[PDB]
């Protein structure tokens, strides 16, 4: 996809993650699971809702065709009216169809970026205290607590706190 994460370096989505668009999967000696990242999920929902509403708002004017009759000496103006009405029909059909194709492209990109950006946020916190497996997964070189997992998710991860444990594990 253009940021390379969705159906990219993260090969598939998670049906078990049901409470948001973007998220974390963790596995602990205390258990495992799928938890949405609420902030990026909600920001995305507000943005996408706004986009939908803006489009609806912008599209809320109508051209109105009319039922007028024309006589057998009014071929020119009758045809003028037809070409005019068909003309606006073609312009609005074009506007709506193109807009949908373009906005869908860009909406999928936005989702892809939001996933990419979460992944980058974790990678910079962990540094060499974790090993990058593929598929957007990190394996810690140290024991990672539920409390430690939450710190990674909320951006407070203490890299010094586990540096020595990690190094000893890393090249043991």
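Numbering follows the first chain given and starts at 1.
In this entry, 140 to 148 has the higher mean Cα B-factor, the comparison being between 50 to 58 and 140 to 148. Stretch comparison (149 to 157 versus 6 to 14) by mean CA B-factor in the PDB entry places 149 to 157 on top. Each of 68, 116, 106, 127 has a CA temperature factor in the record; the biggest one is found at 127. Per-chain ranking of the deposited C-alpha B factor places residue 45 in the middle third.
In this PDB entry, residue 132 carries a Cα temperature factor that places it within the highest third of its chain's modelled residues. The deposited CA B-factor of residue 120 belongs to the middle third of values across its chain.
Residue 38: CA B factor lies in the highest third for its chain, per the PDB record. In the PDB entry, a CA B factor belonging to the highest third of its chain's modelled residues is recorded for residue 162.
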